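Have a look below at one chain only, the form deposited in one PDB entry, in structure tokens format.
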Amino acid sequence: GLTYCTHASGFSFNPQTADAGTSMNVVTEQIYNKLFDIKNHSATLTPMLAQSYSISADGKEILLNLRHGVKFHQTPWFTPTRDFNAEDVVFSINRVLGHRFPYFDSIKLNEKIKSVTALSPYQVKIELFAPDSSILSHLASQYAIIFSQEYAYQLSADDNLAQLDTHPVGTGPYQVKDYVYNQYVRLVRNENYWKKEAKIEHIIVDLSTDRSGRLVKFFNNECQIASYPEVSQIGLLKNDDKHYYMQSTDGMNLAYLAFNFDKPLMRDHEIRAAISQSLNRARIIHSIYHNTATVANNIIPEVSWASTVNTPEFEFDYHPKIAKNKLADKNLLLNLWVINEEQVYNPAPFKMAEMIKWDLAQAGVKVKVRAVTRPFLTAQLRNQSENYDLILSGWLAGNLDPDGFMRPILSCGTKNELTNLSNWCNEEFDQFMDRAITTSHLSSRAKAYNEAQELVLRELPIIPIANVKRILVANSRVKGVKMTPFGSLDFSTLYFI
């Protein structure tokens, strides 16, 4: 057995309905498979539930050839009577097309895909409205998990369709044995997996502790891997210890401040720029993240294939004297909302808020900080009653296609209320993004994404603060631990020496 300690914050057996950009979803990446995985900087598609695919010459039709012989989990709540096939893919993709899903609604997946049909039991046809170079990447994201149509059918007969997300059935290398809300998930190896079996038979995912206590549990041998350690407690760790080791990874893990474009005073570009210039972001990174983050003058991370070498100068970096000149006379009062949760991209949200409140005080701007819960925030956004000026947030992604993160955060939409906290709509921005998916040439796409990014850093609908590393500590008895920019920890490769 191995115990893996992580945060309970926004844990779910279903990321399609969870909040976008908050989690690598370590548990559901073990129990469900996708049609493809992307594992590398180059954006190679690894065949998973699809063995292969073709694209039509006009680029509007994709054929998925599904792997034969794949089994869904035999659990106490479900006995499958057929193998995975096209019906499962059609059910799964059709559900999110709507033929509330925050990620898919934020990318507007139903304005990309026209239909999804089974040509045969082992071949699916996707047709698009127009050529779209992003589609296969979205189907390789953590959100695009394939469910069991047979299970969903059985449950619909007796009304219990909610149980799809409470008692999971997947094709992945682990299955759910049992769990206790906010305490633990017990995983057991799938003995009928379609690829190399997981080496460790039993895995407990411990959710029951805050950052402080996770290293306590680790050194008291209550868990053998521990995610997202406290940052002051990394100072207590060494690299050359025989008994444990650390790993850390870059990726798409961004803390940022969004301006509410619904507030008339936030529309003034002079105000946003001066507010950006009031912030001592270097002080913030040093003081909150220590060494686990760098100041972010870019939306697109350097590990992304879309990243343009030459990180320029940010025109609105710390300059407290210019900020004070522009702001002091306006007698500004800003409401700053902070989400009261553990966040992969911000270890001390309130402490960061207070530092922002301080920096803006020096520029003569009064800030009232307001702690808020995810449920409260979610309700207000769904209800369009949100009345913040600033909100402190972030984005986490294992998918480094900018269509999968820049679009949810900043694109026009009516059904992107959970992800676009700026309430920002810019036609010029949206044209860059739409151009970026009309070609399959990486450099061509990158150019379009860099033009979009450059526009964002001029307009300042958000202020980027920090690119945050993901860290874990592992017990030296454990091998096969690979932390990567490109997804969650794969439990199936863990083993004991």
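Heads up: residue numbers just count along the shown sequence, starting at 1. Superpose the two forms; the largest set of C-alphas matching within 1.5 Å is the rigid core.
Just so you know, the form deposited in another entry exists too; it's not on screen, but the next bit is about it.
Comparing C-alpha positions between this form and the one not shown after a rigid core fit, one residue in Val89, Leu136, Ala363, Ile204 moves 2 angstroms or more. It is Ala363. Superposition on the rigid core between this form and the one not shown places the CA atom of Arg67 less than 2 Å from its counterpart. After superposing the rigid core, the C-alpha of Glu222 moves by less than 2 Å between this form and the one not shown.
After superposition on the rigid core, displacement of the C-alpha of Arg189 between this form and the one not shown stays below 2 Å.
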